[PDB]
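What's in run-v3.tsv: TSV, C-alpha atoms and all ligand atoms
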chain	number	residue	atom	x	y	z
A	1	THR	CA	108.15	104.13	86.44
A	2	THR	CA	107.19	104.01	90.12
A	3	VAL	CA	103.86	103.25	91.76
A	4	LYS	CA	103.48	103.86	95.48
A	5	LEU	CA	100.30	102.08	96.45
A	6	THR	CA	98.42	102.68	99.69
A	7	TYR	CA	95.49	100.53	100.89
A	8	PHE	CA	92.92	101.89	103.37
A	9	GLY	CA	90.60	98.90	103.78
A	10	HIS	CA	87.65	97.68	101.72
A	11	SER	CA	88.31	98.80	98.08
A	12	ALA	CA	89.88	102.11	98.96
A	13	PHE	CA	93.33	102.90	97.57
A	14	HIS	CA	95.67	105.77	96.94
A	15	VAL	CA	97.87	105.38	93.89
A	16	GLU	CA	100.87	107.70	93.62
A	17	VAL	CA	102.26	107.31	90.10
A	18	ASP	CA	105.25	109.56	89.51
A	19	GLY	CA	104.20	112.40	91.79
A	20	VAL	CA	100.50	112.55	90.97
A	21	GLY	CA	98.07	111.28	93.59
A	22	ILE	CA	95.10	109.23	92.44
A	23	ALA	CA	92.49	107.97	94.87
A	24	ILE	CA	90.14	105.15	93.96
A	25	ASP	CA	86.80	104.32	95.71
A	26	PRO	CA	88.04	106.26	98.72
A	27	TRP	CA	85.92	105.14	101.65
A	28	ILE	CA	88.75	106.11	103.99
A	29	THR	CA	86.44	105.80	106.99
A	30	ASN	CA	85.43	102.15	106.35
A	31	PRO	CA	85.15	99.85	109.46
A	32	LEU	CA	88.64	98.36	109.03
A	33	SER	CA	90.50	101.59	108.21
A	34	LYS	CA	93.31	102.67	110.53
A	35	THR	CA	93.24	106.09	108.86
A	36	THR	CA	90.86	108.96	109.68
A	37	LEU	CA	89.84	111.40	106.96
A	38	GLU	CA	92.02	114.01	108.70
A	39	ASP	CA	95.05	111.65	108.56
A	40	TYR	CA	94.40	110.87	104.85
A	41	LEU	CA	94.19	114.54	103.92
A	42	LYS	CA	97.38	115.54	105.72
A	43	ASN	CA	99.35	112.54	104.45
A	44	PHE	CA	98.44	112.08	100.79
A	45	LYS	CA	98.13	114.44	97.91
A	46	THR	CA	94.93	113.94	95.96
A	47	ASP	CA	94.92	115.03	92.30
A	48	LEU	CA	92.16	112.79	91.00
A	49	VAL	CA	89.36	110.72	92.45
A	50	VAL	CA	88.36	107.61	90.51
A	51	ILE	CA	84.86	106.30	91.27
A	52	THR	CA	84.20	102.83	89.86
A	53	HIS	CA	80.48	102.80	90.65
A	54	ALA	CA	77.77	104.49	92.72
A	55	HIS	CA	77.43	102.18	95.70
A	56	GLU	CA	78.14	104.19	98.82
A	57	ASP	CA	80.87	101.79	99.94
A	58	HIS	CA	82.81	102.95	96.90
A	59	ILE	CA	81.92	106.63	96.63
A	60	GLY	CA	82.88	106.73	100.33
A	61	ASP	CA	84.44	110.07	101.40
A	62	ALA	CA	84.92	111.23	97.79
A	63	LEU	CA	82.86	114.38	97.95
A	64	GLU	CA	84.52	115.76	101.10
A	65	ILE	CA	87.90	114.77	99.71
A	66	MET	CA	87.19	116.70	96.52
A	67	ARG	CA	85.89	119.75	98.44
A	68	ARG	CA	88.86	119.94	100.77
A	69	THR	CA	91.63	119.24	98.16
A	70	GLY	CA	90.26	120.70	94.96
A	71	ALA	CA	90.85	117.31	93.29
A	72	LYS	CA	88.80	116.48	90.21
A	73	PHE	CA	86.92	113.19	89.78
A	74	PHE	CA	87.19	110.62	86.99
A	75	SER	CA	84.12	108.44	86.35
A	76	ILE	CA	81.56	107.03	83.99
A	77	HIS	CA	79.42	109.57	82.15
A	78	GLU	CA	76.31	109.16	84.34
A	79	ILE	CA	78.22	109.83	87.53
A	80	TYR	CA	79.94	112.80	85.77
A	81	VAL	CA	76.46	114.26	85.08
A	82	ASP	CA	75.21	113.73	88.63
A	83	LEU	CA	78.41	115.26	90.17
A	84	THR	CA	78.77	118.16	87.72
A	85	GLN	CA	75.15	119.12	88.53
A	86	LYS	CA	76.09	118.87	92.24
A	87	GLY	CA	78.83	121.41	91.62
A	88	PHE	CA	81.93	119.23	91.41
A	89	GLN	CA	84.68	119.39	88.76
A	90	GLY	CA	85.64	116.25	86.80
A	91	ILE	CA	86.24	114.12	83.73
A	92	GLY	CA	83.56	111.77	82.44
A	93	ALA	CA	84.24	108.73	80.24
A	94	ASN	CA	82.86	105.35	79.29
A	95	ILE	CA	84.00	101.79	78.75
A	96	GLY	CA	86.64	101.67	76.07
A	97	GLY	CA	90.02	103.07	75.11
A	98	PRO	CA	91.87	105.17	77.73
A	99	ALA	CA	91.08	108.82	78.33
A	100	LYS	CA	94.07	111.14	77.88
A	101	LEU	CA	94.69	113.01	81.14
A	102	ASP	CA	97.71	115.12	80.09
A	103	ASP	CA	96.31	118.17	81.91
A	104	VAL	CA	96.30	116.14	85.17
A	105	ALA	CA	99.77	114.72	84.47
A	106	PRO	CA	101.74	114.29	81.23
A	107	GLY	CA	101.37	110.84	79.65
A	108	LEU	CA	98.64	109.70	82.14
A	109	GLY	CA	95.61	107.84	80.84
A	110	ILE	CA	92.74	105.91	82.40
A	111	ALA	CA	90.46	103.44	80.69
A	112	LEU	CA	87.12	102.29	82.04
A	113	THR	CA	86.47	98.53	81.87
A	114	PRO	CA	83.40	96.34	82.14
A	115	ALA	CA	82.28	94.95	85.50
A	116	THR	CA	79.56	92.46	86.27
A	117	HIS	CA	77.84	94.22	89.18
A	118	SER	CA	75.30	97.07	89.66
A	119	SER	CA	75.41	100.85	90.32
A	120	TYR	CA	71.94	102.02	91.38
A	121	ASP	CA	70.57	104.20	88.55
A	122	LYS	CA	73.85	106.01	87.87
A	123	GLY	CA	75.01	104.27	84.68
A	124	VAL	CA	76.80	100.96	84.89
A	125	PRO	CA	79.56	99.76	87.16
A	126	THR	CA	83.13	99.90	85.89
A	127	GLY	CA	86.74	98.99	86.59
A	128	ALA	CA	89.69	101.32	85.86
A	129	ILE	CA	93.12	100.87	84.31
A	130	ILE	CA	95.73	103.56	84.98
A	131	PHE	CA	98.29	103.96	82.15
A	132	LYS	CA	101.55	105.92	82.07
A	133	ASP	CA	103.24	106.54	78.71
A	134	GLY	CA	101.00	103.87	77.14
A	135	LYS	CA	101.76	101.22	79.80
A	136	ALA	CA	99.12	99.67	82.08
A	137	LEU	CA	100.32	99.87	85.69
A	138	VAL	CA	97.26	99.48	87.91
A	139	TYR	CA	93.92	97.86	87.19
A	140	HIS	CA	91.33	98.49	89.96
A	141	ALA	CA	88.43	96.16	89.18
A	142	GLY	CA	85.72	97.98	91.19
A	143	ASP	CA	83.18	95.41	92.29
A	144	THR	CA	82.66	92.68	89.77
A	145	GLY	CA	82.04	89.03	89.20
A	146	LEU	CA	83.82	87.33	86.39
A	147	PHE	CA	83.67	89.11	83.06
A	148	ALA	CA	84.89	87.45	79.88
A	149	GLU	CA	86.55	90.70	78.65
A	150	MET	CA	89.06	90.22	81.48
A	151	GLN	CA	90.82	87.98	78.90
A	152	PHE	CA	91.10	90.96	76.48
A	153	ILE	CA	92.49	93.12	79.25
A	154	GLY	CA	95.17	90.45	79.87
A	155	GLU	CA	96.10	90.17	76.17
A	156	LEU	CA	95.99	93.86	75.29
A	157	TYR	CA	97.45	95.46	78.36
A	158	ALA	CA	98.47	92.96	81.09
A	159	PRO	CA	98.16	95.60	83.79
A	160	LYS	CA	101.08	95.06	86.19
A	161	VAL	CA	99.10	95.26	89.42
A	162	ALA	CA	95.52	94.00	89.69
A	163	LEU	CA	93.29	95.07	92.57
A	164	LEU	CA	90.59	92.43	92.66
A	165	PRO	CA	87.60	91.80	94.92
A	166	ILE	CA	87.60	88.40	96.68
A	167	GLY	CA	84.99	88.47	99.46
A	168	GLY	CA	82.25	86.60	97.62
A	169	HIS	CA	78.50	87.15	97.83
A	170	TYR	CA	78.43	90.67	96.29
A	171	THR	CA	81.49	90.01	94.09
A	172	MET	CA	83.87	87.24	92.88
A	173	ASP	CA	84.82	84.78	95.65
A	174	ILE	CA	88.38	83.42	95.97
A	175	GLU	CA	87.64	80.67	93.49
A	176	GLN	CA	86.47	83.13	90.82
A	177	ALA	CA	89.18	85.66	91.61
A	178	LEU	CA	91.64	82.87	90.80
A	179	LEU	CA	90.34	82.35	87.31
A	180	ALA	CA	90.31	86.18	86.93
A	181	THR	CA	94.00	86.37	87.82
A	182	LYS	CA	94.78	83.83	85.10
A	183	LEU	CA	92.81	85.93	82.53
A	184	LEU	CA	94.25	89.31	83.50
A	185	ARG	CA	98.00	88.47	83.61
A	186	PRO	CA	99.02	90.71	86.55
A	187	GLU	CA	102.55	90.45	87.94
A	188	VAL	CA	100.99	91.14	91.32
A	189	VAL	CA	97.50	90.98	92.80
A	190	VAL	CA	96.29	92.86	95.86
A	191	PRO	CA	93.01	91.37	97.07
A	192	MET	CA	90.25	93.75	98.24
A	193	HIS	CA	86.56	94.03	99.33
A	194	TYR	CA	86.82	91.28	101.96
A	195	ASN	CA	85.97	90.98	105.76
A	196	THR	CA	84.41	94.45	106.09
A	197	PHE	CA	80.95	92.90	106.70
A	198	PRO	CA	79.88	89.27	107.36
A	199	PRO	CA	78.65	88.43	103.90
A	200	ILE	CA	82.01	89.40	102.44
A	201	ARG	CA	84.19	87.44	104.91
A	202	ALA	CA	87.12	85.71	103.11
A	203	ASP	CA	90.73	84.95	103.99
A	204	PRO	CA	93.14	86.99	101.86
A	205	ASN	CA	95.97	84.61	102.80
A	206	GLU	CA	93.97	81.67	101.46
A	207	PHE	CA	93.72	83.67	98.21
A	208	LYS	CA	97.46	84.28	98.33
A	209	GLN	CA	98.54	80.69	98.82
A	210	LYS	CA	96.30	79.49	95.92
A	211	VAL	CA	97.40	82.16	93.43
A	212	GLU	CA	101.05	81.58	94.27
A	213	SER	CA	100.92	77.79	94.38
A	214	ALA	CA	99.44	78.07	90.90
A	215	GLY	CA	102.39	80.26	89.83
A	216	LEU	CA	99.71	82.69	88.49
A	217	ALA	CA	101.23	85.82	90.03
A	218	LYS	CA	102.60	87.25	93.25
A	219	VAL	CA	99.96	88.32	95.80
A	220	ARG	CA	100.57	91.24	98.13
A	221	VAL	CA	98.03	91.11	100.96
A	222	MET	CA	98.10	94.70	102.17
A	223	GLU	CA	96.99	96.02	105.54
A	224	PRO	CA	94.85	99.11	106.01
A	225	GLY	CA	97.28	102.07	106.03
A	226	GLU	CA	100.17	100.11	104.50
A	227	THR	CA	102.11	101.54	101.55
A	228	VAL	CA	104.13	99.47	99.11
A	229	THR	CA	106.25	100.74	96.23
A	230	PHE	CA	106.43	98.91	92.88
A	231	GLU	CA	108.95	99.33	89.97
A	232	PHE	CA	108.52	97.39	86.73
A	233	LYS	CA	111.87	97.55	84.86
B	1	K	K	78.86	104.74	103.61
B	2	ZN	ZN	79.09	97.63	94.70
B	3	ZN	ZN	81.35	97.17	97.13
Can you turn what I pasted into structure tokens?
Amino acid sequence: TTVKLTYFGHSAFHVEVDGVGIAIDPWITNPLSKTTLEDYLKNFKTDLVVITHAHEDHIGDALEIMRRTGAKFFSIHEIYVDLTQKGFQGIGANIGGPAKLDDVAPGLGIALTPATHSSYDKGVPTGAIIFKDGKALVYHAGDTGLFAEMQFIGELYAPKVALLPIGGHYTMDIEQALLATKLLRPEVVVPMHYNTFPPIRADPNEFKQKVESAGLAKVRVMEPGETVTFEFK
């Protein structure tokens, strides 16, 4: 199985997993992006939009993306209610076992995870694990501090690639993201949610050298607009 992973700055990603395009917290137009919304829409196919929580830095350009592409959303129940009432089409879920998304693509599932953070009045914040044929490929942590159930995610699923926030202040710092990496058992970690604004300034290369000197995993510091392909067998 093949995962083509594009980073757009902040916590915005496009995950292509065997010819289905899944966007997560798609603030394409964040301050560090090198991609306009026009560029994104020409260059990526969007089949699903994952929203981890309701902060605007994460919802981002979701609504316009969904209007222009026809893509459905995937999100926690409260956000599903708010967006369904606003006229959008999507799948709602909650924290637990994966949702079966066969209609989107055969064998695809996504589970919502805990996250120690906030989400205005729109339910609770989440992370998201993308499965194919029962295997956890990508865990996008949303915004979060440490959460003890990260250990269960490691043990039960060991998602291959972990997208983890490292900027501090509003989320785990580097130090906490290190412990998280240990708990979650990724093969590779892409750091996110850093440098966009002063309170979240952190050095992703500092993160890298500590995770790797600990032999905890490989860290792929991505650049806004960069794509990287991963195979796991
Ligand atoms: K915004
Ligand atoms: Zn947030
Ligand atoms: Zn955020």
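Using only C-alpha atoms, the contacts of range 97-104 of chain A at a cut-off of 9 Å, with sequence neighbours closer than 3 positions omitted, comprise residues 20, 47, 48, 91, 93, 94, 107, 108, 109, 110, 111, 112, 113, 129, 130 and 131 of chain A.
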Quick one: residues within 6 Å of ligand ZN 3 (chain B), with all atoms listed in the file, as an NGL selection string? :A and (57-58 or 143)
How would you report the residues lying within 12 Å of ligand K 1 (chain B), as number ranges by chain, if you count all atoms listed in the file? A: 10, 25-31, 54-63, 196
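For the pair CA of residue 41 in chain A and CA of residue 225 in chain A, the interatomic distance is 13.0 Å.
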Figure out the distance between CA of residue 149 in chain A and CA of residue 213 in chain A, please, to one decimal in Å.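 Between CA of residue 213 in chain A and CA of residue 149 in chain A the gap works out to 24.9 Å.
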Gap from CA of residue 219 in chain A to CA of residue 189 in chain A - Å, one decimal: 4.7 Å
Go through A:152, A:147, A:170, A:207 and flag the residue nearest residue 185 in chain A, using only C-alpha atoms for the distances.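 Smallest distance to residue 185 in chain A is found for A:152.
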Min atom-atom distance to residue 233 in chain A from the set A:72, A:90, A:79, A:160, counting only C-alpha atoms, belongs to A:160
Please determine, counting all atoms listed in the file, which residue among A:124, A:5, A:156, A:65 has the shortest atom-to-atom distance to ligand ZN 2 (chain B).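 Checking each of A:124, A:5, A:156, A:65 against ligand ZN 2 (chain B), counting all atoms listed in the file, the winner is A:124.
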Residues within 9 Å of residue 199 in chain A, all atoms listed in the file, excluding chain neighbours under 3 positions, as a PDB file with C-alpha atoms, in the coordinates of the input:
ATOM      1  CA  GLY A 167      84.990  88.470  99.460  1.00  0.00           C
ATOM      2  CA  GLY A 168      82.250  86.600  97.620  1.00  0.00           C
ATOM      3  CA  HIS A 169      78.500  87.150  97.830  1.00  0.00           C
ATOM      4  CA  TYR A 170      78.430  90.670  96.290  1.00  0.00           C
ATOM      5  CA  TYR A 194      86.820  91.280 101.960  1.00  0.00           C
ATOM      6  CA  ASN A 195      85.970  90.980 105.760  1.00  0.00           C
ATOM      7  CA  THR A 196      84.410  94.450 106.090  1.00  0.00           C
ATOM      8  CA  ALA A 202      87.120  85.710 103.110  1.00  0.00           C
TER       9      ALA A 202
END
Between A:45, A:135, A:67, A:53, which is the closest to ligand ZN 2 (chain B) once you count only C-alpha atoms and all ligand atoms? A:53
Just checking: using all atoms listed in the file, which residue out of A:82, A:187, A:231, A:203 ends up closest to residue 216 in chain A? A:187
Residue neighbourhood residue 178 in chain A, 10 Å, only C-alpha atoms, exclusion window fewer than 2 positions, as an mmCIF file with C-alpha atoms, keeping the file's coordinate frame:
data_model
loop_
_atom_site.group_PDB
_atom_site.id
_atom_site.type_symbol
_atom_site.label_atom_id
_atom_site.label_comp_id
_atom_site.auth_asym_id
_atom_site.auth_seq_id
_atom_site.Cartn_x
_atom_site.Cartn_y
_atom_site.Cartn_z
ATOM 1 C CA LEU A 164 90.590 92.430 92.660
ATOM 2 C CA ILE A 166 87.600 88.400 96.680
ATOM 3 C CA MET A 172 83.870 87.240 92.880
ATOM 4 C CA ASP A 173 84.820 84.780 95.650
ATOM 5 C CA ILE A 174 88.380 83.420 95.970
ATOM 6 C CA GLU A 175 87.640 80.670 93.490
ATOM 7 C CA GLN A 176 86.470 83.130 90.820
ATOM 8 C CA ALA A 180 90.310 86.180 86.930
ATOM 9 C CA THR A 181 94.000 86.370 87.820
ATOM 10 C CA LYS A 182 94.780 83.830 85.100
ATOM 11 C CA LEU A 183 92.810 85.930 82.530
ATOM 12 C CA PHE A 207 93.720 83.670 98.210
ATOM 13 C CA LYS A 208 97.460 84.280 98.330
ATOM 14 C CA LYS A 210 96.300 79.490 95.920
ATOM 15 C CA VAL A 211 97.400 82.160 93.430
ATOM 16 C CA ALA A 214 99.440 78.070 90.900
ATOM 17 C CA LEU A 216 99.710 82.690 88.490
#
I'd like to know which of A:162, A:115, A:3, A:150 is closest to ligand ZN 2 (chain B), using all atoms listed in the file.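 Looking at the shortest contact to ligand ZN 2 (chain B), the residue is A:115.
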